[PDB]
Amino acid sequence: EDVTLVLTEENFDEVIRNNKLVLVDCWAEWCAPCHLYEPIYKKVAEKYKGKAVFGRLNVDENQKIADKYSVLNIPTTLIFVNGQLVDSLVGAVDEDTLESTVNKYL
């Protein structure tokens, strides 16, 4: 199942401010590496269902947000803890690295 959450300017801030750990997979359908990373991002999100929010920000529909966090390459996974950015991972993140990062911040 898919427990990831679509983020736009409409809910970006409230989600980050009101959840301890929030990840944001910045992607686009035309991006090959993104397509390969998606199932891994989804798989880890399922493992931590109910414990952290795994958002997805399509960069072509959220240019201002992508720009705000200088997302120049995708995929990029922004990591927010207690409403503030604690990391930004560029490129498809290895599953072990992704799970390790989540565990670390929870």
# chains A, B, ... in the order shown; residues from 1 in each chain; ligands from 1

call {"tool": "select_by_dssp", "arguments": {"residues": "chain A", "states": "helix (DSSP H, G or I)", "output": "number ranges by chain"}}
result
A: 12-17, 32-47, 63-68, 95-105

call {"tool": "residues_around", "arguments": {"residues": "range 81-95 of chain A", "least_positions_apart": "6", "cutoff": "8 Å", "atoms": "only C-alpha atoms", "output": "short mmCIF file (atom, residue, chain, number, x, y, z; two decimals) with N, CA and C atoms, in the first residue's frame"}}
result
data_model
loop_
_atom_site.label_atom_id
_atom_site.label_comp_id
_atom_site.auth_asym_id
_atom_site.auth_seq_id
_atom_site.Cartn_x
_atom_site.Cartn_y
_atom_site.Cartn_z
N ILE A 16 5.03 19.95 8.12
CA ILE A 16 6.37 20.01 8.70
C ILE A 16 6.38 20.52 10.14
N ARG A 17 5.55 21.52 10.42
CA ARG A 17 5.48 22.11 11.76
C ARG A 17 4.80 21.25 12.80
N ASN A 18 3.83 20.45 12.38
CA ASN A 18 3.08 19.65 13.33
C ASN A 18 3.35 18.16 13.41
N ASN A 19 4.45 17.72 12.81
CA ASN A 19 4.86 16.32 12.86
C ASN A 19 6.34 16.32 13.21
N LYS A 20 6.76 15.47 14.14
CA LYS A 20 8.16 15.44 14.54
C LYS A 20 9.13 15.18 13.39
N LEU A 21 8.89 14.13 12.61
CA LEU A 21 9.76 13.80 11.50
C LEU A 21 8.98 13.76 10.20
N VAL A 22 9.44 14.56 9.24
CA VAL A 22 8.80 14.62 7.94
C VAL A 22 9.85 14.58 6.85
N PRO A 33 16.10 8.31 -12.37
CA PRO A 33 16.54 7.96 -11.01
C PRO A 33 15.37 8.04 -10.01
N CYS A 34 14.47 9.00 -10.22
CA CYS A 34 13.32 9.15 -9.33
C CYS A 34 12.43 7.93 -9.41
N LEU A 36 13.25 4.94 -10.13
CA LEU A 36 13.90 3.82 -9.48
C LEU A 36 13.89 3.95 -7.95
N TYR A 37 13.87 5.18 -7.47
CA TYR A 37 13.86 5.44 -6.02
C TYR A 37 12.45 5.31 -5.39
N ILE A 40 11.41 2.25 -3.24
CA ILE A 40 12.22 2.16 -2.03
C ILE A 40 11.67 3.17 -1.01
N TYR A 41 11.37 4.38 -1.49
CA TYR A 41 10.84 5.43 -0.62
C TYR A 41 9.50 4.98 -0.06
N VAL A 44 9.95 2.03 2.61
CA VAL A 44 10.37 2.51 3.92
C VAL A 44 9.24 3.27 4.60
N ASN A 73 18.74 19.32 -8.23
CA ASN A 73 18.81 17.98 -8.82
C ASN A 73 17.78 17.08 -8.14
N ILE A 74 17.24 16.13 -8.89
CA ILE A 74 16.29 15.20 -8.31
C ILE A 74 16.71 13.79 -8.72
N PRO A 75 16.35 12.79 -7.91
CA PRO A 75 15.58 13.06 -6.69
C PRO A 75 16.38 13.68 -5.56
N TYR A 105 16.42 9.78 13.67
CA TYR A 105 15.62 10.92 14.07
C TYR A 105 14.36 10.63 14.85
#

call {"tool": "select_by_dssp", "arguments": {"residues": "chain A", "states": "strand (DSSP E)", "output": "JSON, numbers by chain"}}
result
{"A": [5, 6, 21, 22, 23, 24, 25, 26, 27, 53, 54, 55, 56, 57, 58, 76, 77, 78, 79, 80, 81, 84, 85, 86, 87, 88, 89, 90]}

call {"tool": "write_last_selection", "arguments": {"atoms": "N, CA and C atoms", "output": "PDB file, in the first residue's frame"}}
result
ATOM      1  N   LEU A   5       2.476  10.896   1.328  1.00  0.00           N
ATOM      2  CA  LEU A   5       1.550  12.020   1.266  1.00  0.00           C
ATOM      3  C   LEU A   5       1.954  13.092   0.274  1.00  0.00           C
ATOM      4  N   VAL A   6       1.028  13.450  -0.607  1.00  0.00           N
ATOM      5  CA  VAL A   6       1.285  14.509  -1.572  1.00  0.00           C
ATOM      6  C   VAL A   6       1.348  15.866  -0.846  1.00  0.00           C
ATOM      7  N   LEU A  21       8.885  14.128  12.615  1.00  0.00           N
ATOM      8  CA  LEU A  21       9.755  13.797  11.499  1.00  0.00           C
ATOM      9  C   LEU A  21       8.982  13.763  10.197  1.00  0.00           C
ATOM     10  N   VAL A  22       9.440  14.563   9.241  1.00  0.00           N
ATOM     11  CA  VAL A  22       8.796  14.624   7.939  1.00  0.00           C
ATOM     12  C   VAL A  22       9.853  14.578   6.845  1.00  0.00           C
ATOM     13  N   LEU A  23       9.695  13.634   5.922  1.00  0.00           N
ATOM     14  CA  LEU A  23      10.613  13.498   4.795  1.00  0.00           C
ATOM     15  C   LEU A  23       9.873  13.979   3.564  1.00  0.00           C
ATOM     16  N   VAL A  24      10.614  14.508   2.600  1.00  0.00           N
ATOM     17  CA  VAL A  24       9.990  15.014   1.387  1.00  0.00           C
ATOM     18  C   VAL A  24      10.759  14.555   0.160  1.00  0.00           C
ATOM     19  N   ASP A  25      10.182  13.612  -0.579  1.00  0.00           N
ATOM     20  CA  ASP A  25      10.804  13.097  -1.795  1.00  0.00           C
ATOM     21  C   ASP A  25      10.424  14.065  -2.928  1.00  0.00           C
ATOM     22  N   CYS A  26      11.395  14.854  -3.375  1.00  0.00           N
ATOM     23  CA  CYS A  26      11.185  15.814  -4.457  1.00  0.00           C
ATOM     24  C   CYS A  26      11.431  15.030  -5.750  1.00  0.00           C
ATOM     25  N   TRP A  27      10.396  14.919  -6.579  1.00  0.00           N
ATOM     26  CA  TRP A  27      10.481  14.118  -7.798  1.00  0.00           C
ATOM     27  C   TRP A  27       9.753  14.718  -8.998  1.00  0.00           C
ATOM     28  N   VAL A  53       6.069  11.148   8.652  1.00  0.00           N
ATOM     29  CA  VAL A  53       5.374  11.453   7.416  1.00  0.00           C
ATOM     30  C   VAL A  53       6.334  11.438   6.236  1.00  0.00           C
ATOM     31  N   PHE A  54       5.972  10.662   5.220  1.00  0.00           N
ATOM     32  CA  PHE A  54       6.781  10.549   4.020  1.00  0.00           C
ATOM     33  C   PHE A  54       6.074  11.296   2.894  1.00  0.00           C
ATOM     34  N   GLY A  55       6.380  12.580   2.801  1.00  0.00           N
ATOM     35  CA  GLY A  55       5.772  13.410   1.786  1.00  0.00           C
ATOM     36  C   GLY A  55       6.455  13.276   0.441  1.00  0.00           C
ATOM     37  N   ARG A  56       5.752  13.735  -0.588  1.00  0.00           N
ATOM     38  CA  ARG A  56       6.255  13.721  -1.949  1.00  0.00           C
ATOM     39  C   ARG A  56       5.908  15.079  -2.517  1.00  0.00           C
ATOM     40  N   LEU A  57       6.904  15.732  -3.097  1.00  0.00           N
ATOM     41  CA  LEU A  57       6.693  17.041  -3.695  1.00  0.00           C
ATOM     42  C   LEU A  57       7.087  16.933  -5.167  1.00  0.00           C
ATOM     43  N   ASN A  58       6.113  17.032  -6.056  1.00  0.00           N
ATOM     44  CA  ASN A  58       6.442  16.990  -7.470  1.00  0.00           C
ATOM     45  C   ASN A  58       7.004  18.380  -7.771  1.00  0.00           C
ATOM     46  N   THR A  76      15.664  14.364  -4.669  1.00  0.00           N
ATOM     47  CA  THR A  76      16.251  14.964  -3.477  1.00  0.00           C
ATOM     48  C   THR A  76      15.269  14.665  -2.357  1.00  0.00           C
ATOM     49  N   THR A  77      15.785  14.230  -1.215  1.00  0.00           N
ATOM     50  CA  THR A  77      14.922  13.930  -0.087  1.00  0.00           C
ATOM     51  C   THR A  77      15.254  14.879   1.056  1.00  0.00           C
ATOM     52  N   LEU A  78      14.360  15.833   1.297  1.00  0.00           N
ATOM     53  CA  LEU A  78      14.532  16.794   2.379  1.00  0.00           C
ATOM     54  C   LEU A  78      14.121  16.085   3.657  1.00  0.00           C
ATOM     55  N   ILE A  79      14.811  16.379   4.753  1.00  0.00           N
ATOM     56  CA  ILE A  79      14.451  15.783   6.031  1.00  0.00           C
ATOM     57  C   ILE A  79      14.233  16.881   7.073  1.00  0.00           C
ATOM     58  N   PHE A  80      13.035  16.890   7.645  1.00  0.00           N
ATOM     59  CA  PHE A  80      12.666  17.889   8.648  1.00  0.00           C
ATOM     60  C   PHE A  80      12.410  17.235   9.990  1.00  0.00           C
ATOM     61  N   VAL A  81      12.955  17.825  11.051  1.00  0.00           N
ATOM     62  CA  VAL A  81      12.749  17.318  12.402  1.00  0.00           C
ATOM     63  C   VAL A  81      12.374  18.517  13.269  1.00  0.00           C
ATOM     64  N   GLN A  84      12.179  21.860  11.342  1.00  0.00           N
ATOM     65  CA  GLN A  84      13.347  22.482  10.724  1.00  0.00           C
ATOM     66  C   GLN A  84      14.129  21.463   9.905  1.00  0.00           C
ATOM     67  N   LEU A  85      14.735  21.914   8.811  1.00  0.00           N
ATOM     68  CA  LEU A  85      15.494  21.004   7.959  1.00  0.00           C
ATOM     69  C   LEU A  85      16.778  20.561   8.629  1.00  0.00           C
ATOM     70  N   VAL A  86      16.972  19.244   8.690  1.00  0.00           N
ATOM     71  CA  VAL A  86      18.167  18.670   9.299  1.00  0.00           C
ATOM     72  C   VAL A  86      19.059  17.979   8.265  1.00  0.00           C
ATOM     73  N   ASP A  87      18.547  17.781   7.061  1.00  0.00           N
ATOM     74  CA  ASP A  87      19.349  17.170   6.002  1.00  0.00           C
ATOM     75  C   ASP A  87      18.619  17.273   4.682  1.00  0.00           C
ATOM     76  N   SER A  88      19.364  17.052   3.608  1.00  0.00           N
ATOM     77  CA  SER A  88      18.833  17.062   2.253  1.00  0.00           C
ATOM     78  C   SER A  88      19.704  16.040   1.542  1.00  0.00           C
ATOM     79  N   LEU A  89      19.101  14.928   1.125  1.00  0.00           N
ATOM     80  CA  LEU A  89      19.821  13.848   0.457  1.00  0.00           C
ATOM     81  C   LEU A  89      19.562  13.877  -1.044  1.00  0.00           C
ATOM     82  N   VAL A  90      20.627  14.083  -1.816  1.00  0.00           N
ATOM     83  CA  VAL A  90      20.528  14.166  -3.271  1.00  0.00           C
ATOM     84  C   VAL A  90      20.792  12.824  -3.949  1.00  0.00           C
TER      85      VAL A  90
END
